[PDB]
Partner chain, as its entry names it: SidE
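Take a look at this single chain, the form deposited without the partner chain, given in structure tokens.
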């Protein structure tokens, strides 16, 4: 299972994941790929704000889904 994360510049990160992976896990994988601190990362899928402790399957993120990194505002 893979997902795509688009960064704020539109760069695509491809990640190997499993349904149960937490969003926290995903943030760690993005840190490794791009050096973006997890505390600076805000993810959305299908307009939904994704919380660190919930899983990809909790959000119905599927094979080949795209997530966006969006502005950390405050």
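Residue numbers count along the first chain shown, from 1.
For the two regions 59 to 67 and 19 to 27, the entry's Cα B-factors average higher over 59 to 67.
Among the modelled residues of the chain, residue 5 sits in the lowest third by CA temperature factor in this PDB entry. In the PDB entry, a CA B factor belonging to the middle third of its chain's modelled residues is recorded for residue 44.
From this point on, the text means the form solved in complex with the partner chain, which you will not see here.
Contact between residue 66 and the partner chain in the deposited bound form is found at the 4.5 Å heavy atom cutoff.
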